[PDB]
Structure formats: structure tokens, C-alpha cells
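> Residue numbers (the entry's author numbering), protein chains in the order written: chain LL, 13 to 129; chain LY, 1 to 134; chain LC, 54 to 313; chain CR, 3 to 73, 126 to 138, 144 to 154, 164 to 235. I'd like to ask you about the structure that follows.
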Amino acid sequence: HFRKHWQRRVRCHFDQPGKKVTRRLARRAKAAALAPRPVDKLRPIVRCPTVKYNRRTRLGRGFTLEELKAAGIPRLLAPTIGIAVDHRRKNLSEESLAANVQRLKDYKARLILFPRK
Amino acid sequence: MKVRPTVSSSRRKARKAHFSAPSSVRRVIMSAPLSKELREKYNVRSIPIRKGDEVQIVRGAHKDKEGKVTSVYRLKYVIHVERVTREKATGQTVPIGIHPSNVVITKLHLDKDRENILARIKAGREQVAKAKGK
Amino acid sequence: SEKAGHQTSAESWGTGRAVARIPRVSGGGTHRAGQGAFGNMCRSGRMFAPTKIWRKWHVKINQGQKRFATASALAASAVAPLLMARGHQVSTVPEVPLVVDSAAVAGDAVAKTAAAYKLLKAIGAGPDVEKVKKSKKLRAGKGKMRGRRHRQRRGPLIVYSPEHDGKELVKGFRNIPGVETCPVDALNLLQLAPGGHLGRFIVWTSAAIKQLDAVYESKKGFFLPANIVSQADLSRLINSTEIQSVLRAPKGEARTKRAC
Amino acid sequence: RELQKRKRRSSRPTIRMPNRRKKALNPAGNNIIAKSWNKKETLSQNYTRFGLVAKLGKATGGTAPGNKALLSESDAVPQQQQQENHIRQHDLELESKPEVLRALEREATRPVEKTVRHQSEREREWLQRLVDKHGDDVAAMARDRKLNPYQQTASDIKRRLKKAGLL
RNA sequence: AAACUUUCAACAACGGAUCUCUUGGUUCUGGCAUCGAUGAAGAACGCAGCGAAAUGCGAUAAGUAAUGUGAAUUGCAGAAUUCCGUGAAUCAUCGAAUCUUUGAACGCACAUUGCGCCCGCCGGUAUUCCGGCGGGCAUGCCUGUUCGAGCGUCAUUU
RNA sequence: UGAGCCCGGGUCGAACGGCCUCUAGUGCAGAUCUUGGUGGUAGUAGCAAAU
RNA sequence: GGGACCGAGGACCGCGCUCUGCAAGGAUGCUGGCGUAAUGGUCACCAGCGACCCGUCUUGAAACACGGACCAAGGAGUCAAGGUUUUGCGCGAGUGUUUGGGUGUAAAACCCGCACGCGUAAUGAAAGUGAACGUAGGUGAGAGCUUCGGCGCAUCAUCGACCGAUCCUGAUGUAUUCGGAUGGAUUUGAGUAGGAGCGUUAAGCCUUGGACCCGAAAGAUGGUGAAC
RNA sequence: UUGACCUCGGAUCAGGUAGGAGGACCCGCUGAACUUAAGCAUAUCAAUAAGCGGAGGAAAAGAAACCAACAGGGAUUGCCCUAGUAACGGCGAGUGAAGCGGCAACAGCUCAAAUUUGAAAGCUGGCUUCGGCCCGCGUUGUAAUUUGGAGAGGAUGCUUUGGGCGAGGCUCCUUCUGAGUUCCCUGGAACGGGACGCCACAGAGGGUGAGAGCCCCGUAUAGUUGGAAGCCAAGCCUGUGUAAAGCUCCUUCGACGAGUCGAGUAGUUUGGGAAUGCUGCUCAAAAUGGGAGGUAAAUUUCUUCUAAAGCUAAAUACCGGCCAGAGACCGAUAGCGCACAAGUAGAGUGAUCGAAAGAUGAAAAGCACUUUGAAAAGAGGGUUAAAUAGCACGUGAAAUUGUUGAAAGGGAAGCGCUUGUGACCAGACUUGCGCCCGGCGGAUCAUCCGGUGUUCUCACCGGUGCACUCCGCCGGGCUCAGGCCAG
């Protein structure tokens, strides 16, 4: 499959350690900015759609409104304490809703919140 | 060895900088060591030289010749000292070229700026000496 | 450069004139004009098969093989003659592993390069340090032009524990020429077998040994290999009672007499 | 290329640039994290020493040894098990460890100034006149037109009076 | 036998090969985002004591201001230029200035240092004459100001 | 045996070699081969453009 | 009896004989010569004999033809991606850290959480089905071990057994229109019948990329100019 | 007559804006041919090359009219895998994705659709005493509220505030911060050899008369002087307005983008006639609507989203700009065309083509002076460690040439085997052991003494001696052995 000019459209990977150290420095800079806060926001536990991966679970985009309300965290205040919110997702199952509620409750129990100014 | 990324170990760049440095950098390069009595009197190892320094020679074919510096030819990285001269074919005396690294200072032409330079270098020296000691 | 050799305007004269059929530069007002171009046989032309950046430079080596060879290198370092075999001048140290006390190699006691040098002289690395110091030499070739001017021998490798011994000996032995410093958790085969030759002289420590145990049991998916030979002594294998009893009578001697 | 060679030939100084980066690589300030931060160590190690969780996401690779930085119902609903229509929305009501962690905990648990909001002079005057005229009848004060142009509810008037202090 | 031709040795010519060197080139990697009508990239003409080349600069012309350093320039001529100093330097930095004709090129023409119009000044017989100088005079569009046109259109006896 | 290696004599002035491996822009008589230098023709043909 | 060429091996062993040692599995003994030169080397020349100028190309062969004035330097099967055979190495029914993350003495070295790639059960067009009647079978060889009585690797030939599929045979039974049980077939498989694979290195070969180096006329794109 | 409103124009009026450049990466338009298919036309090359327009440090894309059939996922973007699978194809050449999964990064929003109607609360300009005065825009709609996994309005009871200074901190430039020029030899010069030292969180690099950690610049860590601009910020002063904001509840409401979808049709494009997407022409929509999917399951049941308005950092590319650091790279016919006057010299009308060319010496100390003579030239004489290192200059091969010397040559040379003559050059086994006497001195000699290190039983020193033993040295004496070649 070399009918075209792979000579003009070949791009190498000699900068792999450079990109790795750059990414490490970028996350370190984010940590320096958000010094006491975690680098990444909390994300919910969701399930892989297809039949080939049903029994496996992964991380989602953001927590559901019903899950947030059940966990007792306001919608407008959750992003300020670092909880990803996804308005598109729906629960559709008490199992997933309860799992995400338990995750949010664990986050509350492990979280310390500072009093504004 | 070298750790700071700003410093370079490239001989090419080092030689280019050495051979194309401006006059202040040429002076810094053509700093010269001071003698013993001077070193125990000022607590300084070496300072850049000027036109009014009595100097003694420690290297070369004219070793152990003493005189006052006549000029500092910065373009050729050389200094001209009194009474160290050669005769050309016609007999005219051209001062023989000798290096600050091959001469050692015996007396300083002291002014305000020179006193300030020695004071700064010295003060740094006892500062770090005390920092190491205690 | 990709454009090197063919950044030139030239058209072959063809069979029209009595010259070699090679692309020749156009124009009629320069010494360049009329000269050959585009050829590897012609001056200022392109080279045959120009070097390209997508050549295979890095080689993929199995982690199992790497761990196996590191273990073999450690065993070679434990073997005493292999130090002479690799060239390390090992004659005054009282023990070929040479484990030294973590009490004297930990903390700031060895942070000073003078303290590190005195410790090396006391334990017996002094001859090797003097060897590298006196083998400081100039390299022959264009490496001098390309930034590799001098070559020297290799010194002993200091192995410690960052958890218990710390990171001051790192600088203390960093300054000393020839000697290198390597953590016990990140043993480097390039330092264990320099130039492909086994038998690197390594100054160990007690914490380093107790952590070699832990890391070599901790490596997942890897086990200490079982060797195909139990008694390495082939002299034992041959000159043993059972073999000598089971053997048959010799059919001759080492040097046979000439019959006719 | 010709531009670089012109910089070669010209007797103009080379404008060396300093290593300036948009984002600081280390925290700075008179806070606990900034004071106890170790420059030589990495993010994961610093968070291990502090006692906080760095990444809430799933571990993407092997970690260092011991870092800990990376991490009867009649009506059958698991939510009754999980439980401990309005919620506090501007704050959350929350109920041998590193020095940094205890310092942060003390800072969190320290009491804070109330900064109580008060009322305007004209609001005070209006409430005073309304009390002077209608005594303490919330219905009557809501009913009044002249003294109460903004037809606020009796409950609103009652809470304004309570906040002011006079019954 | 000499001459001529051939082989070899010593020496001497030609030539730039081999070894050595590299202020160069090539490749990779890391940090940052910055040209122009407030005149860009580029072209031309001039500026030094001796300047051919290269560089810098623009009639304030190898350049000025300010700051910093702290006793030079240098091939030759040179200073009564400057040394306990606001102070040398073919110095470094660089926040302030000067910035000729062209060129997107902008009053018209452009192959002329030519030809125009408005505002002001200067000198030479000068309210009149002459010459020079300073400010100016491109286009399309947006906002605002002003002016004008249109039986398009509204009225106006209280 | 051989491709080649070592030494002696002269010159010369700043780096270089043996072995184990690793690597490749690694070995020339041709290609009316490339570049450069130099011959016979020849002190000949002819004074012709160039010089 | 006369003459020519050679002396190979290096304690003993053996075969023997004419047996106090011999000519018996290989030269010793004696004497002399050798440093102002024994013996050599290179160059030049003469002398006897021999002897076409190389490379390429064609032809059964020649013969033609192409290139060669000389010398120095340069000068041509290389590198990728994808296949394949063989050697070595690691692990092994599993194997591959290096997309990435952690770490670091910082393009190195060390580490690994989840996936993924190939393989570890096949067949049928398909619905789909789905690998033991026999120490996973026997018989005979077969390397090898053996208490000499006998055990028998791998593999082969034959007779078997089973599975997927095809053509049948058509059970209890069945919602009364569904089923495949049993016994078969000169059947088919890239099948089972006690796994060999994954990664890496080295060499070789194939395809495409400029593809061992050199060498058309042409075609197209965009510009410069004048003219029968 | 006058004054509006609207529209269209002029002004060398006031304030601004657009050119061009660059174009490595980026967003669009437009768009070939060679080649392959051993011929060639579809196809391929290639949705590429050339041409045209337009930005930035990134651009673009981007918060579903999505993926999917799930036990669901949930903006965009980049890598691995999916995968050479699906799908398409002179079913030849070939072309060729995507979902999912593991990752890196992750951030959500502004409008049009409403009546502020108990008050256009909004904004441009010039005039300023800089504090507030006008003019104009505008109701053909500027502020506040609101954008459909919403919201509005009331009731309701909880909980939030806003500004101005600002010490100091971080980033970056800068000042300063270790140790021999100790003695001897060689040399022109010591940076070389030997002896004796020191420093080192500094043994990277470069200069200095030759290989310099300690002669010099720098080099390492912690500091320390002064300065620029951004961001952060402990704290300290003002708030005020019946001002804004988040929610809970409900006998009240809930507007959502048109020549646009869609149908027919021509072109272009893709793996993709449910036309893959788009453009052009004709016709031309809906409001229990529309789009895309699932499904034979018995009728289009079911699933999932809202198109025709818009913004948005990060992970991503980068032959370009300002720099910086490196290499198992090339080393002056190489490496970019250019290490040096290089896009220079030069050629062509023009677009364009485009070279050759590095090294004296440590330091010019670049040959004073005398003497030839018309010259880029010699003989003396001088500088240098050296001038056969003399601006033709580090070393200086071969081709070719000259002088001297030797030999040879009757219509080819050159080469092979084998002598001979001449010339020059080299120089053979490196040539000794053993025994016996007399003397001398040292020692595993002495059951000698003392000390030290050790493998703890072996060594090495200091001190006595010569009775024995062993070594040598001297002066005698005798023997033997030898390298090559001949008979």
C-alpha cells in the first residue's frame, strides 16, 4: 500500500520522551495552580454499551441530576467542589443510580471543604 | 558535571563565543591572578587587569621579568608590559606579546571602581566561608 | 537533506554530442555550466540511497530477557575472576561483593566527596580510582570534533538504598571520576556489563542486599530461572566415582605412537 | 536560511530569550501546601507526604511502592440503605496522619467571621412607621395601601420586622 | 663514441592527493509568539581621515539619548579626549529620539531630483517680483458633524 | 599462498594504535563515468575571435 | 660392484633377527671451512627456453563491434512497510513493558493498571451444531530400557471410534404441525483422536516504494518572449 | 411660506479601518498529467502537484436533528486497536472507513423566539474646571430575565454577597561566591615525565607558546545585590440599595430558527443510491411536528435526538519567526548552491541558470642592510626551534618535466622460469653453563635476640656472630655444549 507519496507523508515519533515530560510538567503546573485540590474531577461509574463489554464498567463523563439530588449535592455547587455533571445521561436503572450515589457519598465522606474567604 | 540547561558543552559554540566576545567579556576573560601578599591582603584570587598595574611574568621565554603594563590589546587577547620588547629587522622595538594568564599582578592601580570590585569579591568570599564553617 | 543533490537545473545532452549521457547543467557563463549533476558518480550530486530519519534506531528487547541478563550480570559480578576479566584492578579488597555498612554510607556522612574518597580507599576501591585517573586519555578520531574528546576506564559501581541510605552518596560519588552510582531498585544492565563484558566491580551495602531480595521477589511475571545444569563443575561431573566406575577400559592414550 | 545567514554576517547582537513558561511549575504563597511543598520531589510524592489524593481517576499505570496518592425494607429500594425536599446549596454540611493534613483540617474547622447583613435606613424607617400605625397585626399591615405601596405579603413583613428586631 | 629513445637512483620542478584541524553544514529535541498606512518585506542613493569589500547608520548618518560596566581604540594618522570620573570604549543593555528617494506607495506625472492646488513663514529692490521652507491634498468602507436634492411624503385657518 | 602486517633510513610536526564486540555513506581499471591536474601530437598547424 | 635423489619422526613401548646387540615402528659418526664477509636483497643489462591486450557483448565456436592518453579523489543490491524459510534466545497454552501512566543520576535505566494483537475446537452455503465405546483403540514395525521374562518414544501402513456437514433410516412423542432417536453412506473437513505458540535477534527470498548506478520521445501545470 | 419623516449624495470635516509581506503548520476554491494495470480507454495516480483567496500561535472542529439496541454511552480533538474487517470495485489492478474498547485532555455557554410597560432602566460622540452637561443612535426594539435533559410567575421559608488599597511571594534578567603556576628533566614555550600536596553538591566546555580540576573565563549547591513586567496574596479601609442570587411547592403558563427540509434532475466526491456529502435547476413543506435508526413477528408498534443562529481554552500539526540544548552524522570534490566577496562573480532580451575558492608562524618577529638588475627576478646578510615554514606560505603522493650518474638500443616494447655480470645495501650462534681448589662477604645458617603484618602459620624488617649449611664475588684449575655449510 505504497501507491502514494508516503515519503512526503511519513511522520516519526522521536519526540516521545519529550512529550511525556511535557505532559508531566503540564499536570504538575495544574497541581501548582490547584495546589490543595486534586488534579482531576470526580467521575461516575458507567457501563460499556455493547454486548461484548457489558460485564465491564468504566468511568463516565459526569454525574446524573437524580444521582446528585439523591447524594444531596446541589447541581450548581457540585462543579465548584469538583464533580463532573452530565445533563445528557439518564439513570434508567436503580443499580447504576445507587452505585453512583454510593460513590458520591464516599466522595463527601473523604472531602474537606474550606469556608469561602 | 553540567546540570543547568542554559550552559552548553559544545566546543563549537564555546570557541565561537571566545573568539567573538565583546570588549567587556574580553576583559573578564583577560582577568589575571594576584600575587601572594596581595591575596593575603585583599582576600581575592584574581581580578581583571588595567593599564596601570605593575606585573611579574611567570610563564614564557621572558619569565621573571617585571614591569608596568603598557597596554591591553583586547582584539588579540594580549597585554603589553614595559621593557619587554623585541627588535624588528629595522631595529625598532615592538613590545612582545604576553598573556594575562601567563602574568601575575604585583601592584594594583587603585581607584573607586577597583576598590568596589575587590570589596564585592572579598565580601562574597567571607560570606560563603562563614556559611560553610557554621 | 532531502533536497541535497537535486536542487539543481540540469538536462541530459543525450546522444547528440560525444559526451557521456549524464544530466548536465544548463547555461553558458559559469565554471559550473556544462558539469554533471544528479549522479552519485558526479561531484556535487546526490548520494546513493540518501540516509532517512525513519531508519530503525531503537530495538525492542523482551523484558524477560532483560531481567534474565541483569540477573546473569549480577552473578558475574559475584564471580571473582570476572572482575579481572573485565579489567577492574581488584587485588586489595577483602571481599568480592564488598558490602559496606549502611551506617557509614547513609546520611551526610558520605555526602562530602572527600569522605567518599576516604571510604573508597579504606574499602579498597583506591587502586581502581587511581587506574581510571591515570587512564584519563585522549580519544583518537573525529569524536573530538563531535564532542567526545576523552575516554577513561570504568570505576566501581556504588549500590545503595534510597529508602534507607538516601541520596547524598549520589552526589558524593558523582563528583569522583570513574565511579558511578545506581539505585538498587533500578539496576542498569549497561552499568552491570559495560561494553558487553561481564564482571563489573560493584561496592554494595547491607540495605542494598536486603532490597535485592525484596525487588527480585517483587518483580511480577518473572521468576529466578532454573538452570539446565545443577553442578556447574564439569570436572566434578567427569572425575567422579560413579562415572569412573561405570566407564569402560581406554582404547588408547592421548598421544598415539606411529605404527609404520 | 538567508535570514539566518544575514544574522550571521551582521554585527548586531543576538537577542537571547529567557526560559519563560506560562505556568509556574511549583506552588507559591503563604499557605500550608506552598510552605511544605518540596521542589525536587514530584507531584505524586508531594501529595503522598501531604496526605491528599492527587488523581481521582483510575490508575493508568504501575505506581510507586506505598504511595497511596492515586486512587427490613417493605418497599425495595437500595436508596433507603444508602441514606444516612430542600438542601443547603451554597455549602455542604460535613460531619498518625500527616502534619500538612492536620493543618488543613484545622484551617477548615477554624471558625469564620459571620459578617451579618443588615438593613437600610429607609427600610428601617418604613418598618418603624408601619409598626407605629398598625401595632403588630400582620394582616392589617398587608391590608394597608398608603404605608405599604409595594404590596408585600404579611409573612414578608413579619420576617422583615423580626430581622429588624422590633415585633 | 656523441645525439635521440628506454629503465633505475639522487636532487630539483609541476600538482594538490594522504594525515591533522574547523567561528561551517545536516538531523533531532526543548521554551515562547513578535511584520505593515504610527509606512512592512524589498530596491536605490549617501554618511569614515586614509574604504577597497563586508557591516552599521540616515543630512542628529560606522550614528545620538538614557542605564549598566569600569580605563580604552587599534592597520596607520589623533585628541591639551578621558582616569577617585555623570566617565573611555568598533563595550553591553536599551524603555527616548533622528529616520534621504522609492517600494502595499498615497496631489499629478515617474525614464524629469519635473509639474500642480490650499494654509503659513523666510531671504533678496518687496502689498505685487523671484527663490526656498514648514503643514497638507489617494481610494473603498463604518460611526458621528455639516451641507444639499427629491410633488416620495406629512401636515399647519384657533 | 594471498588480500595484507611489522621493522630499518629520510621527511614531518599533534595526535594514534592492537584485541572483544556494535555500526555503516566500508575495498575500483573500466561505466564514449564526475571533478581536478598533466602529456604526445608540437614549439607543429597558423598570425585567424579571444588573448 | 659403480652412480644419482632424500634423511621425513624425535624418551620407551611393536614386530623380529644373524640375540653380550642388530641393517628390527624413518642419519648418524668423524674431520674441516665460516665475520674487511658465509649468505642474501633490489635495480640494470646480457643469455637459453616460453609467451597475442585487457574488460564488455554475440555466436556452437571464432571473427566483428563497444571502452581504454595518463594520474589523484568520488563512484554504484541501500533503507523502510508488508509477507516467508531457516539458526540462536526468553517464556510457554500462553505470549508481547516502551499507546500511555509511574519513576529517574532525565531522549538512557527501572516499573506496570486496563485493553488490544496472535494462539490455545472444528465444521457447514446457511440455520446452527459441536469432538472418548475400548490404557484415546487394536495389529505390525520402530529408537530405547530391560529382572532377559519382557516393556515400548516419535512416526508410518491397515483395521477401527467420534464430531460438523450432505443423502438417507424416521423413536418416545408433538400445540397436530414440530421433532430428531436409532442404524446406515464406495462421503466430505484446511476435523477430534492427550495443544506449540508469541516476542526478539542473524542470514536468505518476494511485493511496492527512486529501489543496484547511468541513460527516451513524450504529457500536464504555471510563466518569459516574438512571428511565418 | 414654514417645519418635520424617509431616501439619495457632496465636504482636503472628526475619529478609525483594507491593501502588502510571510505562508513550515492551518481553512476554503480550483484542479492536471506521467505511471500501474508488462498494450489501454473506467479506475489508479489524486479529491495530490501547480494556480487563487483568507488567519493564528496554533488554526480548524466542538457541546448531538450523535453513538447505539446496550445491564447503555454522552461536546470536540490526537494515539493504539478495531483493520487491511465492513463496504465498493475493467470484482483485474485495487480502493478502503466507522462504532466499541485502553488512553491524553477535559469546560461549558450566548442568542431569536415574552410586555420594563408602574415609567429605554441601554448606547455613540464633543465639552469639560474631569464632576457631570449636552448631541445623536434607537420603539421597524437598546438594558435586565430566559434557551427545551429547560424556564417563567406567585407563595414559601432557608442560605449567599459587593468595592478599593495592599505588605509580601512567584517568574526572569543580572553582583559575588574552591583548590600548586612548589622542586628536577625535556623542550622555543610545560598544559609532557618524576616527586611532593590541595579542592571537589564544582573531574562539562573553552582559552593560555604541546594532554591544565587547582593560570583564567566558566562549571555545582545553597545563598546574596539591584531592577522590569505580569499573576497571586496575608492583611487594612468602604459598603445599604425594602439591591441582587440559589432553591422548595404549585386549583397559573411554557414562545424553540423556511426557498429551509423534502421530491425530481445534472455535475462533483466518497468504502457508502437507505443518493456518502455538497453544489446548480424545477416544484416546494409540517405542527399529537421533524430527523436518524431497530424490527417478519403481524403493523410500520419500538429506540434515540432536535437541523436550517452563534462563542469557546486543553490534549493535536509545525521544512516558517525569537532562541536554547544535543548527535554511534559529513569533515573543504564531503557537509546546504555558499566554512572565504555567495545567491557573490558571471551568462541570458527575459522568466531564470549559477560557480571556483579554508590552513605561514607561538608571537610578523612578514627578511634590516649591501650588491646585481626594469622583475610577481637573484647573490650575500638577518628573524625563527625550523624559512627546501617567506603572504606562490601546516604535510606535500602519483601523472608530467629537467640536471647529474649507470646501463641498453640492427624493423616494437613490456612479462614468466633459470643463471651470470655490474652497482648499491644488509650482516650469520643473542655465542655459556657446569664442576674442583684458596680467599672474601652475605644470608630459610644459629634449636640466637627483638619488632611488625598476617591467610595464624606463614612472611618481612632491626641486632649479633660464621661452629655447621647454602649462596654469591674474586683469583686459580678442568671439562662440556653449542649456529650454518661441505667431505
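We put the CB at the ideal spot given by N, CA and C, even for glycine.
#1: Pop quiz: LC/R85 and LC/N93 are said to be a contact at Cβ under 8 Å. What is the actual Cβ separation, rounded to whole angstroms?
#2: Tell me the rounded alpha-carbon separation between LY/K41 and LC/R202.
#3: Could you tell me which of LL/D98, LL/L71, LL/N66, LL/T69 sits nearest to LL/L80, measuring between CA atoms?
#4: In the DSSP assignment, find the beta strand (DSSP E) that holds LY/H80 and state where it starts and stops.
#5: What do you get for CR/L5, buried or exposed, if any count of 16 or more other CB atoms within 10 angstroms of its CB means buried?
#6: Output, in sequence order along the chain, the residues in the region 43-60 of chain LL whose CB is closer than 8 Å to any CB in chain CR.
#7: Does CR/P166 come out as helix, strand or coil in the three-state DSSP assignment?
#8: Identify the continuous beta strand (DSSP E) that holds LY/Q56 and give its terminal residues.
#9: Measuring only between beta-carbons, confirm whether LC/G67 sits less than 8 Å from chain LY.
#10: For CR/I146, does the three-state DSSP call read helix, strand or coil?
#11: From the DSSP output, in three-state form, read off LC/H141 for me.
#12: Which residues in chain LY have a C-beta closer than 8 Å to the C-beta of LC/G208? List them in chain order.
#13: Within a Cβ cutoff of 6 Å, which residues of the same chain sit near LC/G160, ignoring the five residues on either side of it in sequence?
#14: Looking at LC/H141 and LC/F254, is the spacing between their C-beta atoms short of 8 Å?
#15: Would you identify the three-state DSSP class for CR/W194, choosing helix, strand or coil?
#16: Applying the criterion that 16 or more other CB atoms from any shown protein chain within 10 Å of the CB defines a buried residue, is LC/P209 buried or exposed?
#17: Straight-line CA distance for LC/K119 to LC/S125?
#18: Give the secondary structure of LL/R15 by DSSP, where H, G and I count as helix, E and B as strand, and everything else as coil.
#19: Taking the C-alpha atoms as reference points, what is the distance between CR/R3 and LY/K16?
#20: Apart from the five residues just before and just after CR/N216, which ones in its own chain have a Cβ nearer than 8 Å to its Cβ?
#21: Beta-carbon separation of LL/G72 and LL/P56 under 8 Å?
#22: LC/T234 and LC/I211 look like a contact to me (Cβ under 8 Å); what is the Cβ gap, rounded to whole Å?
#23: Got a sec, what are the start and stop residues for the beta strand (DSSP E) LC/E55 sits in?
#24: In this structure, how does DSSP classify LC/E233 when only helix, strand and coil are distinguished?
#25: With DSSP as the reference, identify every bridge partner of LY/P48, one or two as the case may be.
#26: Among all the DSSP beta bridges, which residues are the ones paired with LY/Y73?
#27: Comparing the C-beta of LL/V22 with each C-beta of chain LC, is any distance below 8 Å?
#28: Return no unless some Cβ of chain LC is closer than 8 Å to the Cβ of LY/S8.
#29: Just to make sure I have the definition right: I need the residues of chain CR whose C-beta is within less than 7 Å of the C-beta of LL/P86. Which are they?
#30: Check the Cβ-Cβ distances between LC/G200 and every residue of chain LY, and say whether any is below 8 Å.
#31: Less than 8 Å between the CB atoms is what I'm expecting for LY/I105 and LY/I49, so what's the real figure, rounded?
#32: Quick one, are the C-beta atoms of LC/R77 and LC/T68 less than 8 Å apart?
#33: Report the option in LL/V113, LL/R100, LL/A111, LL/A121 whose CA atom is closest to the CA atom of CR/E154.
#34: List the whole-angstrom C-beta distance separating CR/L169 from CR/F52, where the pair is believed to meet the contact cut-off of C-beta under 8 Å.
#35: Would you please verify whether the beta carbon of CR/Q133 is less than 8 Å from any beta carbon of chain LL?
#36: What separation, rounded to the nearest whole angstrom, lies between the Cα atoms of LC/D181 and LC/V143?
In short, the structure shows the following:
#1: To locate residue 85 of chain LC, count along the third sequence from 1; it is residue 32. To locate residue 93 of chain LC, count along the third sequence from 1; it is residue 40. Not confirmed; about 18 Å, so no contact.
#2: Translated into the one-based positions of the second sequence, residue 41 of chain LY becomes position 41. Translated into the one-based positions of the third sequence, residue 202 of chain LC becomes position 149. Those two C-alpha atoms are separated by around 41 Å.
#3: The residue labelled residue 80 of chain LL in the question sits at position 68 within the first sequence. Per the Cα distances, LL/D98.
#4: Along the second sequence, read from residue 1 onward, the residue named residue 80 of chain LY stands at position 80. Here the beta strand (DSSP E) through LY/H80 covers 78-81.
#5: Mapped onto the fourth sequence, residue 5 of chain CR falls at position 3. Per the 10 Å Cβ criterion, exposed.
#6: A43, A44, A45, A47, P48, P50, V51, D52, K53, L54, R55
#7: If you number the fourth sequence from 1, residue 166 of chain CR lands on position 98. Coil, per DSSP.
#8: Locating residue 56 of chain LY in the second sequence gives position 56, counting from the first residue. 54-57 is the extent of the beta strand (DSSP E) around LY/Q56.
#9: Taking the third sequence and counting its residues from 1, one reaches residue 67 of chain LC at position 14. It does not; no Cβ of chain LY falls within 8 Å.
#10: Position 87 of the fourth sequence, counted from the first residue, corresponds to residue 146 of chain CR. The answer is coil: DSSP assigns CR/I146 none of H, G, I, E or B.
#11: Translated into the one-based positions of the third sequence, residue 141 of chain LC becomes position 88. It is coil, neither helix nor strand.
#12: The residue labelled residue 208 of chain LC in the question sits at position 155 within the third sequence. Neighbours of LC/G208 on chain LY: none; closest Cβ ~15 Å, over 8 Å.
#13: Here residue 160 of chain LC corresponds to residue number 107 of the third sequence, with the count starting at 1. Excluding residues within five positions, none has a Cβ falling inside 6 Å.
#14: Mapped onto the third sequence, residue 254 of chain LC falls at position 201. Mapped onto the third sequence, residue 141 of chain LC falls at position 88. Yes, Cβ-Cβ distance for LC/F254 and LC/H141 is below 8 Å.
#15: On the fourth sequence, position 126 is the one that residue 194 of chain CR refers to. The answer is helix: DSSP assigns CR/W194 an H, G or I state.
#16: Here the question's residue 209 of chain LC lines up with position 156 in the third sequence. Buried, by the Cβ-count rule.
#17: Indexing the third sequence from 1 puts residue 119 of chain LC at position 66. Indexing the third sequence from 1 puts residue 125 of chain LC at position 72. Cα-Cα distance, rounded: 10 Å.
#18: Translated into the one-based positions of the first sequence, residue 15 of chain LL becomes position 3. Three-state result, LL/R15: coil.
#19: Locating residue 3 of chain CR in the fourth sequence gives position 1, where the first residue counts as 1. Locating residue 16 of chain LY in the second sequence gives position 16, where the first residue counts as 1. Straight-line Cα distance between these residues: approximately 20 Å.
#20: Position 148 of the fourth sequence, counting from 1, holds the residue named residue 216 of chain CR. Taken in chain order, the residues that qualify are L198, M209, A210, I225.
#21: Walking along the first sequence from the start, residue 72 of chain LL turns up at place 60. Walking along the first sequence from the start, residue 56 of chain LL turns up at place 44. In this structure, LL/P56 lies closer than 8 Å to LL/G72 by Cβ.
#22: Here residue 234 of chain LC corresponds to residue number 181 of the third sequence, with the count starting at 1. Here residue 211 of chain LC corresponds to residue number 158 of the third sequence, with the count starting at 1. Indeed they touch by this definition, with Cβ atoms about 5 Å apart.
#23: On the third sequence, position 2 is the one that residue 55 of chain LC refers to. Segment: none, LC/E55 is in no beta strand (DSSP E) and carries neither H nor E.
#24: For the purposes of this step, residue 233 of chain LC is taken as residue 180 along the third sequence, with counting starting at 1. Reduced to three states, the DSSP call for LC/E233 is strand.
#25: Looking up residue 48 of chain LY in the second sequence gives position 48. Per DSSP, LY/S31.
#26: The residue given as residue 73 of chain LY occupies position 73 in the second sequence. DSSP output for LY/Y73 lists LY/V78 as bridge partner(s).
#27: Along the first sequence, read from residue 1 onward, the residue named residue 22 of chain LL stands at position 10. So, interface residue.
#28: Within the second sequence, residue 8 of chain LY is the residue found at index 8, counting from 1. Chain LC, which has no Cβ nearer than 8 Å to the Cβ of LY/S8, makes this no.
#29: Reading the first sequence from its first residue, position 74 is the one you call residue 86 of chain LL. Going along chain CR in sequence order, the residues near LL/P86 (Cβ under 7 Å) are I146, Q148.
#30: Taking the first residue of the third sequence as position 1, residue 200 of chain LC is located at position 147. It does; some Cβ of chain LY falls within 8 Å.
#31: As a working mapping, residue 105 of chain LY is identified with position 105 in the second sequence. As a working mapping, residue 49 of chain LY is identified with position 49 in the second sequence. The Cβ separation is near 7 Å, so the contact holds.
#32: Taking the third sequence and counting its residues from 1, the one referred to as residue 77 of chain LC is at position 24. Taking the third sequence and counting its residues from 1, the one referred to as residue 68 of chain LC is at position 15. No, the pair does not count as a contact, with Cβ atoms beyond the cut-off.
#33: Position 95 of the fourth sequence, counting from 1, holds the residue named residue 154 of chain CR. Among LL/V113, LL/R100, LL/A111, LL/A121, the Cα nearest to that of CR/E154 belongs to LL/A121.
#34: Along the fourth sequence, read from residue 1 onward, the residue named residue 169 of chain CR stands at position 101. Along the fourth sequence, read from residue 1 onward, the residue named residue 52 of chain CR stands at position 50. Going by Cβ atoms, the distance from CR/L169 to CR/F52 rounds to 7 Å, so yes, they are a contact pair.
#35: Position 79 of the fourth sequence holds residue 133 of chain CR. For CR/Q133, the answer is yes, since a Cβ of chain LL falls inside 8 Å of its Cβ.
#36: Translated into the one-based positions of the third sequence, residue 181 of chain LC becomes position 128. Translated into the one-based positions of the third sequence, residue 143 of chain LC becomes position 90. In a straight line, the C-alpha of LC/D181 is about 7 Å away from that of LC/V143.
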